[PDB]
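The chains referred to below are lettered A, B, ... by the order of the sequence lines, with proteins before strands, and numbering in each begins at 1. Below, all heavy atoms of this structure are taken into account, side chains as well, without hydrogens, waters or symmetry copies.
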Amino acid sequence: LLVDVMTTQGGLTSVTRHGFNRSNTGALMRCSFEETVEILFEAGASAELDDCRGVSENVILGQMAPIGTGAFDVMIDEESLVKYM
Amino acid sequence: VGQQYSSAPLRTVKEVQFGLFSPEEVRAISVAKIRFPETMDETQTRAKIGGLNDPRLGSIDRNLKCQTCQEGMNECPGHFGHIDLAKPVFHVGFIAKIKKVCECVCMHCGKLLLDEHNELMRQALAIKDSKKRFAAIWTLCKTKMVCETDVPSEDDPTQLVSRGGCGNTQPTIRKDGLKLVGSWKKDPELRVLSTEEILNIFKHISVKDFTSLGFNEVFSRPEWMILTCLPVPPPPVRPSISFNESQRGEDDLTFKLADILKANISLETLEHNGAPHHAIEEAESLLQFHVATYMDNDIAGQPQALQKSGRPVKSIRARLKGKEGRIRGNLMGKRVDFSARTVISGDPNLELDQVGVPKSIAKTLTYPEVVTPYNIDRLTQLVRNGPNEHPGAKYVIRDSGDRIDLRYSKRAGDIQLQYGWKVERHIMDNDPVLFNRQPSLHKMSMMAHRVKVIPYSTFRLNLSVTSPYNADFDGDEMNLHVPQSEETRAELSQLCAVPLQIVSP
Amino acid sequence: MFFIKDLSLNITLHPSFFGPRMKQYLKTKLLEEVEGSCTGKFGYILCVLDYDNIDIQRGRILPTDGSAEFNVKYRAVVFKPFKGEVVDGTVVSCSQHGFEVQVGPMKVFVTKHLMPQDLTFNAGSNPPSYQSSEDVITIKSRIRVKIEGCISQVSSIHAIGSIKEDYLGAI
Amino acid sequence: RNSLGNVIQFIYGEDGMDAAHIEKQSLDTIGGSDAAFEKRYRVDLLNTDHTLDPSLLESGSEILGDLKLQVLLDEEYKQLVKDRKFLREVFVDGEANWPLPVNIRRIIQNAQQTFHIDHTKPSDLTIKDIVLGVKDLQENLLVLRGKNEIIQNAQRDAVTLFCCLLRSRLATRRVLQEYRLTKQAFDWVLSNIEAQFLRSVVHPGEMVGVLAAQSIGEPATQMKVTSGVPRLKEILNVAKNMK
Amino acid sequence: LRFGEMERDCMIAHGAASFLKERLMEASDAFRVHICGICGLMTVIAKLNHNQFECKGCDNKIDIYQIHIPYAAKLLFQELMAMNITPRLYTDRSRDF
Amino acid sequence: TXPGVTXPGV
Amino acid sequence: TXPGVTXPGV
Amino acid sequence: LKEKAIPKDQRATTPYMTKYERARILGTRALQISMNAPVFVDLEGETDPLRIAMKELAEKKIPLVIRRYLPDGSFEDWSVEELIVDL
Amino acid sequence: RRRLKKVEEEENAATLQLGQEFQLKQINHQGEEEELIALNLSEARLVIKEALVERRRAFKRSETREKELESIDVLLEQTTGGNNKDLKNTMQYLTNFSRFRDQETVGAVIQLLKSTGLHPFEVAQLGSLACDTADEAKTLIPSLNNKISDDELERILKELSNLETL
Amino acid sequence: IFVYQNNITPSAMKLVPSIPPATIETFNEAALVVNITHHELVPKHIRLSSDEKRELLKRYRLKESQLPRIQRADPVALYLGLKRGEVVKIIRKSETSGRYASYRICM
DNA sequence: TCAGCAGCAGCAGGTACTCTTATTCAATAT
RNA sequence: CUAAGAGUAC
DNA sequence: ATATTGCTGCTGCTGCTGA
Ligand SMILES: [Mg+2]
Ligand SMILES: [Zn+2]
Ligand SMILES: [Zn+2]
Ligand SMILES: [Zn+2]
């Protein structure tokens with residue numbers, strides 16, 4: 001998995017602020033690693049839109065990340081609930 | 001009380017849309033115009049109207065409500081103000097971007113130097129990533145120094161097609177500190193590019209031109225990179241943490257905003273009274289320096305704007321960056337409640353998934369249990385026992401939000417529990433608790449144990465479980481976290497339990 | 001004018017209410033909330049159509065809360081006034097400044113500036129009414145009015161109409 | 001996938017298996033000599049060069065000379081030879097011990113200890129039963145549930161090495177002679193292999209990125225040519241010039 | 001006690017989303033804030049006593065939402081606004097995944 | 001770089 | 001260039 | 001949502017309940033029981049909400065459905081009744 | 001889009017600017033698109049009556065102007081409770097200014113207006129206002145200018161006057 | 001395909017892109033002495049047709065950019081003459097499963 | 001159709017946790 | 001508040 | 001007499017005649 005992440009862009013992407021952190025993966029989760037304020041300024045100037053799919057975005061917003069137990073939605077079924085009694 | 005009922009619908013944030021403030025939006029959202037640098041009036045007992053602590057921006061005293069929303073300091077978010085700048089100034093974080101944009105656009109007519117007629121511009125404009133397209137457009141249009149009012153025809157390089165070019169020579173632009181100096185190639189003419197003319201030439205860029213440069217028509221236009229109206233944060237952003245028990249101590253941002261107001265007033269008076277261009281330029285440079293150091297005090301090359309006390313001023317950028325800044329020090333990782341820490345000792349007589357908890361720690365940490373018909377009797381008994389003896393309850397959270405402290409409540413007599421109330425009670429045996437050793441390098445260093453109350457001052461754990469924790473008993477300390485709801489409790493027992501972590505991935 | 005429109009409403013149910021009659025509770029709570037309501041987005045909402053089977057959907061549990069959020073969709077009959085539209089009504093009140101005409105659930109105010117010159121107000125005629133040389137418009141009189149203004153309140157939509165136009169007035 | 005939805009791996013670990021459910025096991029086809037291979041697996045009903053003892057199973061005195069059963073044995077042994085060639089292509093050094101999800105040896109031992117295999121009574125199994133049961137168990141090991149050619153091919157490719165292990169262990173000669181399974185014991189073994197394989201599949205929602213990062217970082221803390229932390233730093237930080 | 005970054009990473013690895021959310025919000029700082037629907041800014045005057053909600057600048061009074069975010073997040077957004085950046089928070093998807 | 005690991009440059 | 005990123009030239 | 005919802009006849013996900021799904025189902029049901037939700041199983045004297053929810057899951061009387069989200073935004077609805085709890 | 005602040009054209013029925021939420025086509029709850037059915041006063045009254053009687057039946061399982069007013073008031077008090085002063089006023093208005101009586105005449109009117117093939121808002125306006133002549137109809141409803149021929153307009157308004165039964 | 005001894009003058013490199021759909025690919029003899037695809041580290045690369053790419057994107061519900069990338073200067077990409085937008089299936093000898101099939105889109 | 005060369009300048013730095021100690025002057029004017 | 005120093009377990 | 005102010009890590013261009 002590590003070497004697949006490092007080579008998935010067609011070249012050797014280092015684990016450094018000049019490597020993985022330069023992708024277009026979301027401003028809020030990119031700024032949480034390094035170069036926070038510069039990333040925010042560039043996102044403001046370019047008007048980037050954050051889909052809030054990352055773990056870091058929901059951690060910042062204090063909401064259940066779509067990971068592990070949050071990777072799905074639990075819903076009540078009216079018909080089954082009536083069916084039980 | 002927390003926060004009371006609000007009729008507004010409750011949703012979760014799905015998308016964050018970044019951008020830049022337009023001056024008119026800043027003037028629209030603002031609730032007050034700030035004009036005086038004094039925080040307090042001449043009586044030194046009230047908040048000056050129009051000053052930096054305007055009551056319309058939020059209350060600076062607990063005994064008084066916000067003048068705008070009529071809510072206490074608990075509820076009021078704070079409301080922004082605005083300073084109307086005498087002259088435009090550069091945004092310190094966008095000086096390089098402003099330089100690139102003005103280097104990509106004709107400095108006279110506000111049109112991009114190389115239109116689609118050029119061979120390489122089809123390749124450059126076909127780039128879909130906004131940031132890569134700008135890089136290409138810059139690295140191909142930085143070398144052109146004429147507006148090219150007439151260009152060869154695209155069909156064949158024989159006849160000439162005349163576009164809307166103005167036929168002027170573009171200058172070579174460098175930065176000398178906080179200012180951009182342009183040397184026009186001699187048709188050299190070296191002069192400082194006034195932010196007025198840069199703002200004007202940015203405002204003439206066509207929508208198609210700056211939307212090809214990566215900007216947005218709605219959320220961030222290039223001309224909004226120039227500051228003409230400063231948003232003033234409310235006092236919540238910059239609180240006066242007076243620790244002298246009588247003397248108010250203002251935040252660095254308040255002092256910087258006072259300096260900005262002083263420079264703005266000085267420049268306004270100099271312009272109104274008439275003065276030689278030298279003094280006007282000096283005042284303008286001072287205003288630019290104060291604004292830039294307010295937004296970012298770590299500017300390379302320039303000397304730091306020292307605080308009153310001679311120390312460097314803490315700017316907003318310094319407040320945000322660092323392992324101890326907002327992101328890495330208050331959002332990604334923060335201090336939490338319902339936690340304990342103490343020395344650990346081994347116990348061969350404990351089960352693998354058990355942890356021995358000191359009695360005083362068990363009395364301090366509590367779990368809120370919802371009163372139910374199935375547990376009314378034992379919760380009532382714990383409330384009767386009180387908080388001074390274990391097992392017992394420390395608080396009773398009523399449905400109305402009032403919190404009955406069991407200390408000083410025996411005076412009122414016995415409390416009758418109602419279904420739906422909460423009893424915040426001491427953690428008893430068989431409670432799932434997260435248990436951690438701080439140099440946490442993998443998941444198995446944060447497994448979940450079952451509480452066993454013991455009569456001493458050390459956490460007690462099985463010998464076998466010390467290997468995943470990498471913990472000895474030569475003085476090691478470990479931490480304990482108590483879940484506060486049934487969902488967290490359930491997933492902590494069903495996912496992070498010690499037996500489930502025996503075989504590691 | 002009267003229409004029927006597709007509307008959706010979000011209802012949150014507490015955990016204690018998930019009994020076998022949950023569908024009945026949701027159907028009743030859609031009523032008493034949007035029945036006979038007044039909004040600027042859809043004007044009036046008088047009644048719900050197709051009450052036999054209202055589309056309630058599944059219902060998602062709000063995490064950490066236990067309450068369930070249902071997005072219930074339905075048909076609702078609405079009455080939205082429109083600028084530039086002619087509608088009938090019954091005169092119910094009159095004054096120096098104008099007169100009020102009941103149309104459905106709403107009141108339309110016709111000002112004195114929008115009556116013909118000979119149709120002047122007069123308090124001598126009982127009730128004080130807008131009278132001309134050929135007819136009088138007193139209380140409980142049918143009238144056609146062309147609406148030209150609308151201002152929206154939560155509890156009462158307000159409208160301003162006119163009766164100067166040709167063949168506008170008493171039928 | 002990452003947050004953008006980009007595919008990192010089209011199936012996790014190229015097998016879709018949870019790491020905690022993997023144990024080291026030996027592939028018996030890849031190793032050994034050709035004579036040992038034929039003595040281990042080759043069975044011939046028509047000739048006496050590789051015939052099987054009729055006392056091994058109840059029908060051993062009646063299946064002798066059968067033709068359809070011989071066809072099944074021929075295709076089984078051809079599949080085994082193909083598996084040996086494939087495994088030797090995959091693993092150049094010839095190493096036989098590799099981590100795989102389901103431990104067959106323990107299942108066989110459990111069946112032997114549970115049903116009281118007396119090792120003297122002739123086996124109740126029939127050869128057709130063994131061959132068809134193994135062939136069906138191969139088809140019951142589902143990782144991907146899709147219903148198109150792409151997903152079917154991915155599923156078939158995702159279990160090929162475990163299927164090689166399964167054919168290596170549950171061969172006709174090995175079942176009848178070395179282990180001496182009965183009918184019920186063989187059916188029980190098949191059921192448990194299927195259940196354990198379906199239980200060893202990775203769970204969606206697993207945060208494998210953080211798990212991999214921690215599983216690499218922690219041994220580094222526990223830690224001619226450079227090695228150790230400096231070499232790890234040289235690798236992760238893709239450096240043009242190294243020592 | 002500091003619930004650091006790598007503690008959060010361990011809890012992510014465990015897959016316990018709700019426990020992490022409860023640690024970062026209910027145990028440390030949970031703050032309710034009202035946001036506009038036309039704009040994503042927190043510039044909503046909310047007089048809860050009189051049941052009034054008004055975003056000056058958009059001239060709306062009927063399209064307001066409330067969210068629960070850490071107070072540190074509110075401070076970060078206000079500091080970004082003070083630094084001429086608009087972190088608009090929207091509660092619906094304008095783009096498909 | 002950085003600091004650490006200015007810029008570059010500056 | 002610059003420096004950085006003399007001139008060119010000098 | 002009509003386009004997003006994969007029809008029930010051609011769901012392509014595992015019929016087995018994942019560990020995270022089981023943990024969240026137990027947590028959600030225990031939280032609802034703690035807030036006086038009606039119980040769908042007969043109690044043998046147990047008072048802990050978590051073990052009540054465990055008993056409900058053992059004999060499949062939990063009226064909840066999992067909405068499994070595919071990475072493209074589409075989802076499949078699997079009722080707790082039809083999910084096989086092998087773990 | 002998600003424009004910060006919002007600019008839009010002002011509502012004007014005479015210009016046929018009904019509004020952003022009252023456009024020609026509306027997506028139904030079934031996922032497809034339908035024409036915005038604009039009910040005239042009689043059709044809307046019949047729809048209200050159908051809805052109320054169906055609600056009465058569903059609750060159960062689990063003419064002169066005086067007597068119609070009594071029936072609507074009794075059934076209204078039986079069906080719905082509070083916050084119905086608006087509904088009471090609407091229903092008494094509907095029974096007071098009603099142009100058509102029963103299902104047959106409203107079906108005839110709607111099929112006639114369908115044969116006219118005009119805008120749903122415009123056909124609802126035509127059915128709501130009991131006009132007499134041609135130019136009078138054209139000036140009552142400004143959207144009628146050069147949409148249907150004079151002979152067809154005159155004849156169809158004549159069947160509006162004829163089907164104006166009781 | 002053009003094969004040269006040492007180098008191509010830039011005055012000819014500029015005119016190498018001819019009138020479409022004719023494409024000129026230049027290779028060096030020194031770079032073609034050893035067939036890189038025969039190295040054991042190099043797995044099997046199979047170019048996909050347009051219909052195969054469409055089926056691949058349909059079955060996995062992918063967009064164009066959600067696939068792993070291969071540069072249009074990679075030695076195997078030059079060897080197979082990949083053009084941008086074309087997807088190569090990579091067959092690999094995995095050690096957890098016998099066979100693993102990945103996909104890379106040319107860029 | 002090809003052979004030879006140069007210029008510069010910038011700081012911080014793993015994860016938790018405990019404790020103690022000291023904290024910017026002088027002159028002018030109201 | 002800031003700064004500095006001595007540490008404890010890795 | 002009291003308050004205001006003066007070790008580690010990179011980044012990029014300009015220019016032909018002669019022989
Ligand atoms: Mg130790
Ligand atoms: Zn306020
Ligand atoms: Zn120009
Ligand atoms: Zn707004």
Side-chain angles (χ1 to χ4, degrees), chain A residues 14 16-18 34-35, chain B residues 38 44 138-139 142-143 172 238-245 247-252 254-255 259 262 298-302 304 306-314 318 321-324 328-329 332-336 339-344 436-442 445-446 459 466 469-481, chain D residues 214 217-218 220-223 229-230 233-234 237-241, chain E residues 1-10, chain F, chain G, chain J residues 6-7 9-12:
Chain A
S14 61
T16 316
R17 75 182 75 92
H18 315 285
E34 278 182 22
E35 296 179 353
Chain B
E38 298 87 17
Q44 297 296 114
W138 176 72
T139 189
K142 59 164 180 195
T143 47
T172 66
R238 45 190 181 63
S240 47
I241 38 174
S242 48
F243 72 105
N244 302 331
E245 310 297 320
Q247 271 69 237
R248 203 164 208 90
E250 293 291 341
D251 188 74
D252 278 15
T254 298
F255 284 120
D259 293 314
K262 284 176 169 67
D298 309 273
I299 312 168
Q302 277 63 245
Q304 288 194 116
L306 303 198
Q307 192 48 263
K308 185 256 195 185
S309 70
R311 66 181 197 181
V313 168
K314 193 173 191 60
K321 66 185 299 302
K323 64 176 59 178
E324 296 180 0
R328 294 188 52 189
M332 307 315 295
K334 54 185 82 174
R335 301 193 174 284
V336 293
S339 54
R341 172 186 184 88
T342 177
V343 188
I344 48 166
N436 182 12
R437 183 169 159 296
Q438 270 302 297
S440 52
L441 299 174
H442 52 92
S445 71
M446 211 166 309
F459 283 149
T466 62
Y469 287 125
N470 195 231
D472 286 13
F473 308 130
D474 59 356
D476 291 327
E477 283 171 347
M478 287 189 75
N479 316 332
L480 188 75
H481 303 267
Chain D
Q214 290 177 334
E218 186 270 350
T221 66
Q222 304 305 108
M223 295 180 195
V229 180
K233 190 171 158 222
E234 276 188 352
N237 299 327
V238 180
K240 320 304 187 71
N241 290 318
Chain E
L1 278 299
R2 164 96 176 167
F3 195 80
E5 288 190 70
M6 52 209 308
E7 287 77 7
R8 165 195 71 94
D9 297 305
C10 294
Chain F
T1 71
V5 330
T6 64
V10 326
Chain G
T1 66
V5 92
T6 65
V10 100
Chain J
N6 291 130
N7 61 277
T9 59
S11 57

Take atom NZ of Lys233(D) as the centre, draw a 6.0 Å sphere, and report whether it contains more than 12 heavy atoms from other residues, nucleotides or ligands. no
Identify whether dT4(M) and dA27(K) are a Watson-Crick or G-U wobble pair (both distances under 3.5 Å). yes
Given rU2(L), is OP1 or OP2 found less than 4.0 Å from the side-chain N or O atoms of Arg311(B)? no
What is the sugar pucker of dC10(M), north (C3'-endo side) or south (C2'-endo side), as given by the torsion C1'-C2'-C3'-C4'? south
Closest to the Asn470(B) side chain, choosing from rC10(L), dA16(K), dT24(K): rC10(L)
Give none if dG18(M) has no partner; otherwise give the nucleotide forming a Watson-Crick or G-U wobble pair with it, both distances under 3.5 Å. none
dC17(K) P sits how many Å from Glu324(B) CD, rounded? 11 Å
Which sugar class, north or south, is indicated for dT4(M) by the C1'-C2'-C3'-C4' dihedral? south
G-U wobble or Watson-Crick pair formed by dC19(K) and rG5(L) (both under 3.5 Å): yes
What is the distance from CE of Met478(B) to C1' of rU8(L), rounded to the nearest Å? 16 Å
How do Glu477(B) and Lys323(B) order along DNA chain K: which one's closest nucleotide is nearer the 5' end? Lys323(B)
Going strictly by the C1'-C2'-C3'-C4' torsion (positive north, negative south), how would you label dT21(K)? south
Using Watson-Crick or G-U wobble geometry with both distances below 3.5 Å, tell me the partner of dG13(K), or none. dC7(M)
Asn479(B) atom CG is separated from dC17(K) atom P, nearest whole Å, by 8 Å
Taking a pair as Watson-Crick or G-U wobble with both distances under 3.5 Å, which nucleotide is matched to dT1(K)? none
By nearest atom, which of the nucleotides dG14(K), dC11(K), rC10(L) is closest to the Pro3(F) side chain? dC11(K)
Is it true that atom CD of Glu324(B) has more than 12 heavy atoms of other residues, nucleotides or ligands lying nearer than 6.0 Å? no
Is the number of heavy atoms from other residues, nucleotides or ligands under 6.0 Å of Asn241(D) CG greater than 12? no
Taking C1'-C2'-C3'-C4' positive as north and negative as south, where does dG7(K) sit? north
Less than 4.5 Å apart, any side-chain heavy atom of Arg2(E) and any of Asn479(B)? no
Just by distance, no angles: are the side chains of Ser11(J) and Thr9(J) close enough, under 3.5 Å, to form a donor-acceptor pair? yes
Which of the following nucleotides, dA16(K), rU2(L), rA9(L), is nearest to the side chain of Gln438(B)? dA16(K)
Testing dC17(K), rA9(L), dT15(K) for proximity to the side chain of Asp474(B), the answer is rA9(L)
Report the residue (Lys308(B) or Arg328(B)) whose heavy-atom-nearest nucleotide on DNA chain K is the more 5′ of the two. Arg328(B)
Pair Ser445(B)-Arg437(B), side-chain contact (heavy atoms from CB on, under 4.5 Å): steps then yes or no: CA-CA 6 Å; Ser445(B) 71; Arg437(B) 183 169 159 296; 5.7 Å; no
Need the pucker for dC7(M). North if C1'-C2'-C3'-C4' is positive, south if negative. south
Base-pairing assignment for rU2(L) (Watson-Crick or G-U wobble, both under 3.5 Å): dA22(K)
If you check the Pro8(G) side chain, which of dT24(K), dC17(K), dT14(M) turns out closest? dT14(M)
